[PDB]
Each structure stands twice: as structure tokens, then as C-alpha cells.
Amino acid sequence: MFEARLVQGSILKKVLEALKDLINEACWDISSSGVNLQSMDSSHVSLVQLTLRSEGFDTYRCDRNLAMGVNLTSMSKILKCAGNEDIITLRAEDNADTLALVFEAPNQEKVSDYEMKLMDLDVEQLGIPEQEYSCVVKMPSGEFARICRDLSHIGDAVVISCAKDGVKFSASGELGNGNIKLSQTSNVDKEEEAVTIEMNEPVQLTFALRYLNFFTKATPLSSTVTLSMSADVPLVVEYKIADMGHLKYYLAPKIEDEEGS
Amino acid sequence: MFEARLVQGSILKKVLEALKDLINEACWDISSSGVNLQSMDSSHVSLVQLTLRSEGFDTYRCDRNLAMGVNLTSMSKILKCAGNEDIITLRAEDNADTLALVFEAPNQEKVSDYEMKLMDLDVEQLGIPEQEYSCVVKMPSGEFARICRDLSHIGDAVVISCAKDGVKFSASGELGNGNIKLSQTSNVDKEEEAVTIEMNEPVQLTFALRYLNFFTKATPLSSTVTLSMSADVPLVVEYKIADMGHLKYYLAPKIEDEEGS
Amino acid sequence: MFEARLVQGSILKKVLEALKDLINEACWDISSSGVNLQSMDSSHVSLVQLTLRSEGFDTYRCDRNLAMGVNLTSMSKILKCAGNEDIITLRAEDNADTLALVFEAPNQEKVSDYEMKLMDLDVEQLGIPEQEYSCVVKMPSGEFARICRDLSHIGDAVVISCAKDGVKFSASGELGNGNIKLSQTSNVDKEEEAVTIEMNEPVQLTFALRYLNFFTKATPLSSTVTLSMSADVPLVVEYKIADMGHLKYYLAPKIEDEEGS
Amino acid sequence: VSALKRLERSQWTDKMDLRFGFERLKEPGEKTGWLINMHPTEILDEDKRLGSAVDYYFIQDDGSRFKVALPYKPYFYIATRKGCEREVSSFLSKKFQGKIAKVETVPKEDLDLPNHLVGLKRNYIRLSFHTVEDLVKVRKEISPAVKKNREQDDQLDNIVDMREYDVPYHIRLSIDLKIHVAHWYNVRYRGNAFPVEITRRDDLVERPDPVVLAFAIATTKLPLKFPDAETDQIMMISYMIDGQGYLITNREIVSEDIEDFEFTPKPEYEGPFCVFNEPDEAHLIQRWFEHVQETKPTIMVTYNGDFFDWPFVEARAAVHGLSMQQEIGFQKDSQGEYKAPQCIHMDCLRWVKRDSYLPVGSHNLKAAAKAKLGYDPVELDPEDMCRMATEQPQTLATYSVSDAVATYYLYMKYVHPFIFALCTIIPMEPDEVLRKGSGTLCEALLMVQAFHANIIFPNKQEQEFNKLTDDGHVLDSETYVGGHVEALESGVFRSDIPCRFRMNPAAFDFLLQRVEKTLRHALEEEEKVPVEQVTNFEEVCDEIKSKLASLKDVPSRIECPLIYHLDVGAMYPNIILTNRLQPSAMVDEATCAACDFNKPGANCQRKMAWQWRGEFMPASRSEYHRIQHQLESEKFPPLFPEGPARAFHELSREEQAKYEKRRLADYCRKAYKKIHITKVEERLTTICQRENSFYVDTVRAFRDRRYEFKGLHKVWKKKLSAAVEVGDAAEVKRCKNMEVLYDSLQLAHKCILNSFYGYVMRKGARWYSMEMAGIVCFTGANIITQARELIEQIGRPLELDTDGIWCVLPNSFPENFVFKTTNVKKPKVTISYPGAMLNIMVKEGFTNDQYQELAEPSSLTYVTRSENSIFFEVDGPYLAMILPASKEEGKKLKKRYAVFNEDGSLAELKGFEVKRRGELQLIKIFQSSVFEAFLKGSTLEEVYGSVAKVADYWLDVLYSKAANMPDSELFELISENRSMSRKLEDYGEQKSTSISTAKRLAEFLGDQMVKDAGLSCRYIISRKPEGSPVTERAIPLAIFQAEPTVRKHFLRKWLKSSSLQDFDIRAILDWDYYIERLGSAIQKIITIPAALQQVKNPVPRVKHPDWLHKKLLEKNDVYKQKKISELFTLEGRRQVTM
DNA sequence: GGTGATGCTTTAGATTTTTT
DNA sequence: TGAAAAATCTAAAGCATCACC
Ligand code: SF4
């Protein structure tokens, strides 16, 4: 017998809104530490880790390590149905092939319990170790999404630099090109707009800008983002989701092998 | 010669956009006691009932009973021009086949009269019998619209049941099934947003949500709506509008054929 | 070393989005008095004359009359792609074929620069004459956009007639016919809801609505739109870009020379 | 062309004529012959005047051959105003002295003259020249100014219009002198001054055998490109002469010598050989050329030799010190063809392309060999043979001589009798007939028939650009209604399974009320047998009444169906015969009023409508005037490179029309939001039934001649069977020759009859009328639609065809009957009842009653008769019929089905084994296997279970891995071969996939594959570069067999991956796209038709489309719907009025 | 809390090649 | 000899979302 409750259920709707397009199939993992998800995307180029600990749910009960069989594009249709102020109370019996989540209105007049059947699958699990990275930028989430949409409109690829004067987002396409400079902001102490960059050494590395703008749609779940980037290392696009969890992104860099040399 | 005038031009826009999607050609029945519509859709599943009494109009006069047939899609398409506030005047002639729509500025600056030429048609007109209905429930239009759009994403069958605690909205499909229970609101200061139920005999009967979604877009007509049903009879959904009249839709049930055993 | 810094970037974005679907490519003439745009569209029936004066620019520095040939689509998607509240600046080289743009945020947080190529073209600047027009009318942009989208939505051609009572817009079609008449008011001290009529000689002439919609797509550029016409001279849809420039439009009369039947 | 060059040209061709067994007949004497070739040459007469002529080449029955020159002064007709013929004729006589020789007034019947039936003729002026270049000179002098003057509406302006300028010279001789190929002649000669006379002989008809040759080219090449004429060497020419084979081999490339070997595929065929090995290529070419000199043929044959053999050998002869013209006689003409002054060149590919009625993608060889000859020749792909020529030459020699014998017998068995049956009626040379299309063949027949009726020939019409229909709206399409080709329902219909039916008792009452009349009509019209002597009429009427009543009393049954093919053979010619349509007879009311036969109560008019479809710009006429006036003061780029500025007024019509159309299209695509508007309106026109009947008379003559020749072919076929049952060589040879002659004439008449309808719609035709094709197609549509209304009433139709209906009928419905007849010649009569039913329907519906003919021209008396040859002939009850289904709503697959013979073989199969473009070789074997194994089964569920089981083989092999079975044939199991004609550079604008894999292979071996064209384009689609579209994941198999380190490096570089270590070919491939392709095939063939006919999924591994899935969910659910019509009581009906 | 307005998604229509 | 099956570009229309009175 497993169940959970959430006072602000809009975060689950928002994370499903983010994940409905990057991932089509992913096997949820339910443990006593909380809920976590480890899977590889549709194009097998990026693997996402989700983690919401036990304190995020005000009422959490998980007597055994059990895994769901959810497909994401299906229940993303039925999770978007709630309002922005509803209450989500998920439930799942252990021997059941189907979990039922019950909805509660903000002023307590109605209940909307929906159950979604699951197919049981098995996907390999890998644990990426933690490593100290050369650069970590405290870029606002809104500005990061804006600059991703800006650069993706010209070309298909972007190179990221972290020089001593700031970070450099430049993209070059067949039609135009340009570079964007984000100077450090220390005159304002508020972290919602100011940027502070961890400075070790400048790194030049190319990422798939189309896919970056593809999963930048997760923007409103966190107020600010941190781009952790090292040489020949997949970048860690971190979102501090609400105030209890995190959203781990790993996109593998691409290296061009031109025939000139 | 026929004359009509609405003190609020928004209600005519709302009825045209409510009846836009369901039928294509309509047949206005114009009488001194009021104007009515009894047109029938092409799928022969739903019928539209419309009532607009004479005393609601600022000026209203009819020399005799008039029956003219208009292309209702183009009617809503031309009425979408008019603003949400401007005074709408309807002008007709017994020796002409053209209906006129004069729009008046709130501060007396602009006039806009339009001429629409009508056409003949052969449609069925169906007499509706009056019977007492077993279960009657009134419900705010916004949350019922939300319920209908919610259950449209589950499947194509909705089950309307009336239990002791209130009305229950079921919906099955390939994605499992989903239920929406509602309770009784008694200690409420305002009945405009409240729900109340009366019973004669519980009954379960299924409907298709395509036409119900077609009815859903009459929500801005008024904040309240009442739906009632009984044994093998359609719904009556009264979107009564500011004592000008009301608007009703009739949707075919189906008897519960044996499938469980 | 062509440099042109302007403390607002919204007006350039608006006047450039004006030429989105009207002129695909044009010549950008630079002179000590400012910048000009004379260009024929793909269908070679309408005309555009944009002038942005030098004194209106915050800081301006040009050295020699230089003409570019950049296509409107590329620069328009570049400029609309970036931000709107920021400050724009121009940068050019004496012999290069590439413009440069600078987007400096007012809060001194980020800078954003793009630079794109062009194509060389030197079409002749048409020496259009200026003649005294039969009538001059000044009306707000919003209601003019409303009536133009109306009459493109309901018909195909409009007959614009000006008299002492105001201006009328008579449009017909296969669905019906109607007209919109406007009356001048003078008791209103503000021009946001006031219209003015200059009465010298009445004239009736027929135009096309697709081109009117294409022109009046530029409605956020100015709060007022002025029109002027003669017996055979095209319209002048003159705009007032703040207190910095003006953007005109021209439409040849729709001759029909139909049989007398 | 200067005369000071054409004189030695004619001397050179005379010498070549002398050295190839031909000799110009000089001795005055009468000798029999056989015309085989016409060639327009120059013949200097006895008075040193340049004179154009023709060269009638003949062969004889003894082997000796000769030629005769006929000098006939060419001409064309010009037409001038009335009362001014003699003045313009005299002015032309005194203006072109030395060019114009004879001019006279000649009355000839113009075909479009107003009021022309009662005997009005327009006087014409015919002028004659000496040489063809003088015709060209005077034509180019006079034609353009006068045609501009006439279309605008010195004394040369009085003429109006000239005719038959486009008629070639040899066709003009073959018309005026009645000299057709493949006829026996008696040629008589007197001297140089006396003109030579030629007469036709008909008391014997037996065709001789001209000396024939047929050679094929096999060549190597550098790997994966189109072979060139300078990099590789010819090594084996294999050629056939009169059933005896000779092979000449270059010993430098092949390994060792070659010995004689018999090559017989079947006992009918003979493949004897006497091979010859030569040291070097120069000696091979010399020996082949000298052996051609020794044999001296008039006819010889290549298979695609115009584009593959002769340019190659001509180039190599030119490089290696020779020139190809002066030793054999074949050279390139301006039209890109290879004609010889002394030899006729045959290309079997043109015959297969035009007349063999094969699927389009089976036009290449081995397909006309497995379809027409009956055997599969031994083959190997051109990549392997380059390496094969090094070690053993047995397989290479076998392939080369197999290609040679296939070409030779393909020509001799089928192409030779067919083409020499066309030439008896077509007034053109045999290579001219086989070269170009059916349009000019029909044009030549109408030419000869019009000349016998003394009718002027209309000019090839100007293709009028930018035509305005009513209120401007210039058109880019001027088309009639398309053919009604559909497929009413999908699935299986076997003659054993029970099937659903839905009778209409009113239809059976209607059919019951008139059984006697239908049998009257069947006995009286179908076989021309009077009915008053049949004995068992009452018995068969009682039988059919019993069957019809016993089927009527229960109008709802589930019984075994009988598949029929209710088609009308030669349907469109039958329509044009019954309705009597001629392409210059149909005249609008603007001229029938001027006709003096416009009398009330007459029957000169027949009204038939048609559906005209017109697609045009939405710009009105005033917009067109504005845009042409505005396009008057602008510059244009020059047509030629490095040219001057071009204005608008001096532009030609074609380029200015194209540019104005482009300007209107660009003005439209942004302004009026609708680029194209398709409008269909009914148009009714009057077809004059009182006309000088040459067209419909010709069609009637060919239909009667076809039936006559079919009868003589049948009687000579039974003579042939008796002859092979008795066994005497001379009489079996004679009867075989006559049987082949009659069969070839039958096929020739059938092909011409089929092509009359197709000719008239073609652009530029002399007798052009789009109303023709519209009217005939719409009448055929009307007949087909009334037929399918009746078949819908009585049973169910299955497929809609331009002239055929497929249907299933209950087995208790009568099929055929037998009659006892007292006639000694015809004692047994059989009539199929559905044929009689359709025949009486079309007899009461579509019989012409205004069908009028001439009786005698003196008294103008016209006999009005009534004819209707429109006949629904029927086919036997087929075993099964299959209709595969489409994947989308609204559109149903057109002409994609399969019909099975009674014995279990293939009756017809269309739309599937066409291979029109390159295919994957992954769905063809699947569909062949399912069609072959499909028959076994009892019910619907059993046959779908069997086809699902045989499909599970391919689904398990493709969906799982290759597994235990070997990997040798997997590469060709998926590989798709593609090729291009032009270079890689000029295709660089587009991306596509073919040039993409060309560039992918260019980075592997080198840029040498860029500088050429036509290389390998293997399409093993890769998997691991995911996200990228298929256009970038196209890799070839050239890297699989290369060096190991090279393929490791290139597999790491190409597919943007470095960490992966598996480089096996069994992991690179993308199984998902292959499964998608095979699954789409199985949706088309099996699964969707299974779900349509109320049967669940035959295989569970394929997912239905969304529309079919939701249809099945709403259907299988016990909750269908309810209505309001029966749930609430209807009040009444009133209608809105004025 | 509604409402004009806009980026995003879907979906039907225009375009373009080849079959040597 | 073409001309239409299939892929690919492309713009119109609906929908949830965003800021303001
Ligand atoms: S249709 Fe009648 S009137 Fe017209 S040309 Fe023929 S015969 Fe004369």
C-alpha cells in the first residue's frame, strides 16, 4: 500500500508538462527516500534524472521498493486537467496494475480520481558520480530560456564559453551569426537577476542548440538555473524545483570531425 | 416589417458563437411573443431549443409570424465583427429576403449596418414533449465546462449518475477510466456558484462527449446552468440569460444494453 | 563606420515587422539626413517609403552615402528575435557587406550582438511626386485595423467615400454587403478616440482589402493613422513614428472597366 | 545544305548502296520485288537539273535485291481569296522563276467550310518545286508574315492559309502512289527520260525472310559507374544471323579461348554457335565489320542499342583510326537516332515501351523474356562481371550469348510480324513506325483516308497560350473529365466462402417483367440468329423463371459468390462508332445556322454533354490588361549567354507567355490567397450526324477488318493444328506463315483501334477536339455508372474501371444457358444471361436513332438507321478477387487488385508488380508469397489466418534478428539500387537522398565518382545516428568489403560516434524503418482489409491506424448511439417562403 | 476574474522530381 | 514520352497562456 499527497500539486503538472515531449517512455521508481526517475530520452542522446525527496510530500508512505510502469504522454494528458491551485493525492496498491490519483478542489467540494493503467518494462539503471566542475553560472531561468530561443532561431548549434569577463553564448548559422555576453552582476544583491560565475578556466564546447531549445520548455518550474560545464563533459542543467527537489539534465556534447585536417 | 434591439449586444454574440459549431443552417421563428429556434443538426443526434421573449428587447414589434432561414455559420462569422458592448439592431422586411444588422457606438461616433441575404431550405422540425424529470441539478457553468473538457480527454463515453451524495461523472476509455464526484453545498452564502440536487430515482445513462463539448461553449452566456435527466430522455441544459430568455440543448442518451453479464 | 544608436528598440522592431510579408527584399539607403526605403513589392502594385531622420536618433554618425541590399525577412527575424525594451545601436564598415546590431539592456546586465550578411542590389529610387490631396482624415489605429480586418473578412473590395458627415467603407461580396460610417467629434480633447475630417472635394474609389490588411498590420507603430486620397492618386497611409520619422503606403486604384450589361 | 556537298553525299550513298547487295535498276525490265524501306534522297535527272526523289528499296524471293528511284515533284496547297487565284498564281510564277515549276487551280473539299454538305468546294492553288530545300526556302519566306497577317484578323498578302506543310516527303510519296512496306510489286522500267512506273501485286501474300542481324554488347567498367567509351574495352560481341549464332571475343581481357557450345532454353528455341577468338580489339572490330560486309543485311536489331551500343562503338571506331559511316553505314542524325541509308535499325525497347502492354518498370530486359518468350535468361549484375572476366569466361559468354538470343527471338517471334503488319497500312518506313508514338501512326492513317476522300488536311494547331474562358481568368489547364477509376470495397471474394448480400425486390420485379424480351434481344442481336426456329425456348424460360422466383422470395441471402468481369471490349471505339463522332463534324450553333440543312424536324443534331474541368488564375481580365500594359517598359536577361538587353515586344510567344504567367502566379500567391481554382461545369455541344464520314468510316472499317482477321486467324489456327497432326514440312511452313501473318494483322488492327481515342486528345494533332475525348469519356462514365447502379441493386460491385466492372453475384442467379437450334451450321447456342441483361440495358438506353449515312450523292437522300455495337462481353467465374485497401479516408486505391483464374493460377494482377521506381526488394517477395499462398482456407477467418501465418515468416525474420540462417543474402535482401542521369554538380541545389549518398561515397574512395554519372546508390539505412532524418543516414555497402582499418575509420567518422566498438553489419542497420516499411505493406495488403470485413486482427504484431482503431472501438462496443427522430415524436413539416 | 492578444501545435495545401 | 506517388516545404486556424483594469 503506497500513497502520497501534495499541498501544491501544480509542480507535478509542470514537470509533466516539461517531460511530455523529451521522454515518451520512462519507468518511475518509488523508494522510501522518495520518488526518483532515471531514464534515457527518445533519441538516446540525453538521460534525465528527477528527484523529489520524502519531505516534499506532506504524507508519504512507502513500505517497499516498487516501480511503476507509467508511460508519460498518456498521464500527461490527465495531469494537465487540474487547476493551478488543486491538490494531488496519488495512490497505488502493490498488486495492482493501475494506480489511481485523487484530486481535491481548493475549497473542498469535489473529488476527481483518475486511474491510469501501466505496462511493466525493464530499463537499465546507471549511476553518474558527482564531480566538481570548472564553471557553474547563476543565470536566471527566464534569461536562459530567452537566450536559448534567441540563439536557436539562427542556427542549429551553439558554443558556450566561460571567460574571465563572463559567459559567452554564440551561435553561427547559414544565414547569420552573433555572440552574446553576460557580464557579471555584483551591484545587485538579489539572486533573481544577478549572475555569479564560478571561474576556473575558459572552456570551449559545442552543444546541440536545437535540443537545448527543445528542453528549455521546463523554465517556469524554477526561478533560476545553474549550468555546470566542464571540458568534454556533458553539461548539468540544474533546476531547483520549487523548494524541495532538483531536475538533473545531462546532454552529451557533440564533436565535429572535419576532413580538412 | 420587423424591428428588434438589444440593450446588451454581447448576448447575441454569445448565442451565435454557442450555436456556431453544432448546426450550419438555421430557421428563425419570429413571433410577437418572442423569437425561437428549432433547427436540427446534420448528424441527427442533437436539437437546439432557443427562447428570447419580446419584453427583453428595448424595441420589438412583429406584424405577423415570420419564418426565415439563415446560414448560421456565416451569421456568427459576420456577428464576430461587432464589439462586446455595441447596441445591436435587427431589421427585416416581409417583402425582402435580407436581414439587416445595425451596430451603434457607445459614445455615438460610428454606425455599421450589414446586409445578409438568406436562402430557402428543407429541414426537420420536431415537437418536444414535456415530462417531469427524475433528477434535477444546477451547477456553475465554469466548473461544468471544466468537467466536460476534463472528461473529453479520457474517452468518448460519459456516464451521468445521481447518487445520495450528489452527481457523479464517469468516463472510460483506452487510458483506464476516471470519475468525478460532487457533494451538496448547503452552508453557502451565494447560490450562484453553488450546487443543489433533488431526486426521484437514481439512473445511469451514457452520452457522447463530442456534442456535449459542442454545448460546452455556451458557458459565457450565464454563470449558472441546470441539467436534468430521467429514464431514456435527453438532457435539458438551461443557459438562462438575464431574463431575456433561455437556451437549451437536447442530447440523445442510449439505453444500457447488457454487457456486464 | 555607420553608427546609429537609439535609446528605444521597440519602434524599430515594429516598423521592421511592418515589412514582414509585404516586401521580401529592399535597398537600405544611408545619407546624412537619415535612412530611406523606396521599394516595389513582389506584385509591383503598392509602395513603401520609410524615413528615419538623423536627429531622432540618440547618437548618429555617417561618413558617405552607402546603400545596402539586405532582405527584410532575415533582418526582421533577427531584430524581432532579440529583446524589445533594450537599446539598439548600428555598426558598419566602409567596404564590408555586413551590418551589426547591439542590444544593451537598460539595467546594465547583458549585451547581445548579432551581425548578418546581405545581397547586393541597386534598383532605381523611384522619384514619386507629392500632390495636394482631395481629402485628409485622421483616425485612431485600432478602429481602422478593426474595420480593415472586418472588410477583408466579409468581402474583397472597399469603396472609401468622404463627405461632410465623415468617411464610409462600403464592402460587398458573395455573402452580403455593408458599410461602416464614422462621424467627426471635437469635444474630446484627446486624439485617442477623436477623428477629424478635411473637406475639400468628395471622391469615391475602390481598393483591395488584402493590401490594406498588410499595411495596417503595422498598428502598434503609432497611435494615429492618417489617410489621404485623390481622384487617381493612390492613398497615403501615413504613420507618425513618435517624433522621429514617418512610414507611408500607396495603393493604385482598382480599375474594373466592366461591361455595361 | 549546299548542293556542292549533297551531290557527293548522294554519290557516297549510291556507292554504299552498290556495296550492300542493292543495285539501282538500270536495264529496262519487269521484276518482282518487296518494298522494305523508303529514303528521301536526291537523284540527278537527265537534264542536269537538281531533283529530289525517294529510294524504294526492294528484296526478292531468290535473295537478289535492288532499289528504284521515283522522282515526284513535291508541293503543298495554298488558299487565297475568291476571284484572285489566277493572279496570285501568275505572280508566283513570275516571281520565283527557277523555283516554282508548275501551278494550277485544284478544287478540293475543305472540311470546315460553312454549308459544305450540298457540294461547296473551295478552289485551291498548288505549286510544285524541284527539291526539298526549295520547299523549305519558299515556306520560310512566305509562311510567318502571312500567318501573322491572318491571325491579326507587295501582293503576297492576298493568300490566307497553306496546308500540309508539316507532311514529310516520303509520307507524301507513300500517300500519292499507294506504296506501302511489306507488299509485292511489279516494277517496270523504260529509260531515264521515261518515268518509272510501279504497280501493286496481290495474287500472292507470302512474306520473304530479309537478312537479319541482332547483336548485343557486354562491357566492363571501373567499379560503380556508368561505362564509358574510353576507359574500358569491348570483349564479347554476340550476334545472330538467320538462327545461326556467331561470337567474336577479344582475348586480351578474357582468360582463355572459347569453344562452340549449344545454348537451347527450350526445344522450340535454337542456339547454335561457331565462336571465334581474336588477339586484340582492332582485329575484333575489323572481323565483325567485314563479316557484316559478307552477310550484307537490310534489317538488323539492337536492344536499347540507340543509347548504349552504337554511340559506344562509333566513338571507339572514331578514336582508333576509323570512321563509322563509310564501312557499315550508321551515323547520328539530328534527332538523336541511328538510321542507315541502306539498312533499317530496329530497337526492341521501343516496341516493348509502346505496344507490348507490359508494366512500366518491367520495360527493361529479362521481363519481356519471362513474360513473352516464357523463359528466364541467365543473368548476373554488371558489378560482378568485371571481376568475372578475369578467371573464367564461361558465365560471361553464357550471359552475352543469352542476351543476344533473347534479343533475336524477341524480335523475330513478335516484333517483326507486328511491325511489318503495321507498315502495310501505315504509309511510313518500318523504323519510322517503330520509333515514334501511336499519335503519328493514327495521323498517317487519317492522312491516307482523307486523301482518298480528296480532303485538305488541317494544320497542326498552334498551342494557344494564356486563353481566357469567360471573364478573363487565364488558364493553366484545359482538361476534360478524368476517368472514373475506384475500388468500392476491400477484402477477399472467393467462390467458396459465403458472402453477404442485400437484394432489392423492386429490382427483381423489374428484371422478372422482361425476361422474354431480354432473351429475344440476346438471340436476335448477339448472334444474328432468328428466334423462330429454336425449340427449347419455353424450357429455358421456365428454368430462369424458377431460379429468379426462388431467389426473389427471400431477398436476403448468404451464398457463394460468382466473380464476373462485365467489361466492354474496344469500348471507346464502340462509342465513337455508335454515336458517329468525327473531329471536324461537331459544330456549335454559330455555323449550323449558316448551314442550309438547319431545318426543323430534321435529325442533323445529337446532344451529348461532358464535364469540362478548368483550372485558372483568379485574376480577372482587367488584371491581365494591367499586367500586360505594365510589362511593356522593362528589360529582360538575354536568352543566349553574353547577349544584349531584351525588351518585351520582340520576345517570342513562349518566353513572354511563361514570364507573364510567372508574374501572375507571384501576384496571386500573396494577394488572393488561392493560387488555383478548379471549376467543373457541364458543357453541351452539337455533333453533326450529316458529315463526310471518313473518320468513323475508318474506325468501322478497322473494327470489321479486325473481326474478319480474327476469324481467318482462327480458321488458319485450326489448319495449323491439323498440319502439326499430319506432319508435312512444306504445308506446315506455309500454314505457319499465313497464321503468323493473320495474327499480326489482327494485333495491328487492335492496336490502331485502341489508339484512335488516344490520338485525338493529343496536342498538335491535325484533327484536334477536346470535346471528342470529353464526350466519349463521359458517355463511357454514364454507361459504367448505370451498370453499377443496376449491379448495386442486384448484388455488389467491387471495382470501378474506365470500361469494366467487377462484381459478385449469388450462385442461384442464372449464369449461362444452352439452346437447341435447327440450323445445321449453328446447332448449339450459348448465351450468358448477365451479358444479355447489360446488353438490353444499353440497348434501351444508349442506342443512337439519329445515326444517318449517305445513300447516293446525286439526290442527297439520307438513310436514317439505328446501330448500337456497345456490348458487355463477360468473363468466366473467377476463383477469387482481392482488393487491398488504402491508408487514408476519402481516397481509395485505384486499379490495385488481383484476380485469380479458375484453375488456381494468376488471372490478372495490376498496380503491384509494376516496380515503376526503385524498390526495396523487401515487399515484392512478401506480396508474391501471400498472393500465391492465399487461396488455402475455408471461411473468412481461415483464409486470414493462413495469410497471417505466411506473413509471420517475414515479420519474424525482419522484426527479430537474422539468427541461424546465413548472412550472405541479407545485404541484397534490403539494399535498394538508385541511379541518376546528370552530374553531381548540377543537382547540388536540392538535398534529397541519392546525391547525399553519392557525396557520402565520394568521401570514401575519391572524387572520381563525382565527375561521372550513374553510380551505385545502396541504401542500407543506419540506426545509431538517431534524430537525423533518413536523408543523412544513407550509407552504401562499398565500405563493408573494403580494408578493415579503413572501414573502422570511416564508420567512426561518418556516423558521429567514437566510443562504440561493434562494427558488425548486423547492428548498423535500422530495423525500425524496415519494420515500418514492411508493416505499411501489410496494412495495405492484409490487416486493414481484414478489419474492414468485420474480422479481428489477423496478426497481433501490427498496430492499426488511429481512424480504423477508433472505428473498431465505436463499432464493437454494444453502445452504438440513439437518435432524436424516434425518441421524440415528429410534429410536422413547413417550409420557409417569400 | 474576464479578455484582447500571441507563441505553439496541428493540419491541410502548394511544390518538386523521375521513370535510363 | 510523359506526369503522378511520394516526400517536403508552407501558411492558415485553433488553443492555452500572459498581463491589465
Ligand atoms: S448539325 Fe444540322 S444544321 Fe448544323 S451543320 Fe450539321 S446538318 Fe447543318
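Residues numbered from 1 in each chain as written, not as in the entry; some residues may be left out. Chains lettered and ligands numbered in written order. Heavy atoms only, no water.

> Any chance you could break down the side chain of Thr298(D) for me, citing the residues and the numbers?
All names here are of chain D. Within the secondary structure, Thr298 is located in the loop between α5 (281-295) and β15 (299-302). For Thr298, the side chain forms a polar contact with the side chain of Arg65, separated by 2.8 Å. Contacts of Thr298, omitting those with residues within four sequence positions, involve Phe22, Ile36, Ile59, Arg65, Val211, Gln342, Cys343 and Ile344. (Helix = DSSP H or I, 4+ residues; strand = E, 2+ residues; numbered from the N terminus. Polar contact = N/O pair within 3.5 Å; in protein donor to acceptor, adjacent residues only side chain to side chain. Contact = heavy atoms within 4.5 Å.)

> How would you summarise the protein's contact with DNA strand E if you had to cite specific residues and measurements?
As a structural note, the neighbourhood of DNA strand E is formed by 13 residues, with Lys217(A), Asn84(B), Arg917(D), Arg978(D) and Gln990(D) the closest of them. Here, DNA strand E places atoms within 4 Å of the protein, and 71% of those atoms are sugar or phosphate. A distance of 2.9 Å is found between a base oxygen of DNA strand E and a side-chain nitrogen or oxygen belonging to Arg917(D). Separating a phosphate oxygen of DNA strand E from a side-chain N or O atom of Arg978(D) is a distance of 2.9 Å. A per-class count over the surface near DNA strand E returns two nonpolar, five polar and six charged. (Near = heavy atom within 4 Å. Nonpolar A, V, L, I, M, F, W, Y, C, P; charged D, E, K, R; others polar.)

> For the site of the ligand, give the residues involved together with the corresponding values.
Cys592(D), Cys595(D), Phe597(D), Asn598(D), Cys604(D), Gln605(D) and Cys688(D) make up every residue found near the ligand. For the shell around the ligand, the class distribution of residues is five nonpolar, two polar and no charged.

> Break down the packing of aromatic side chains for me, citing the residues and quoting the values.
All names here are of chain D. Applying the stated criterion across every chain, the model contains 57 aromatic pairs over all chains. Ring centres of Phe58 and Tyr185 lie 5.8 Å apart, and the angle between their planes is 90°; on these two criteria the pair is classed as edge-to-face. The same class applies to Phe58 and to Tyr185, which are both buried. Counting every residue linked through ring pairs, the aromatic cluster contains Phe215, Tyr239, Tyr246, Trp288, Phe289, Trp310 and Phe330. Above the ring of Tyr414, the side-chain terminus of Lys372 is found at 5.8 Å from the ring centroid. Above the face of the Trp1071 ring, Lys961 is positioned so that its terminal group lies 3.6 Å from the ring centre. (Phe/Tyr/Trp six-rings, centres within 6.5 Å; stacked < 30°, edge-to-face > 60°. Buried < 20%, exposed > 50% of the residue type's maximum accessible area, 1.4 Å probe, protein only. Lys NZ or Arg CZ within 6 Å of the ring centre and 35° of its normal.)

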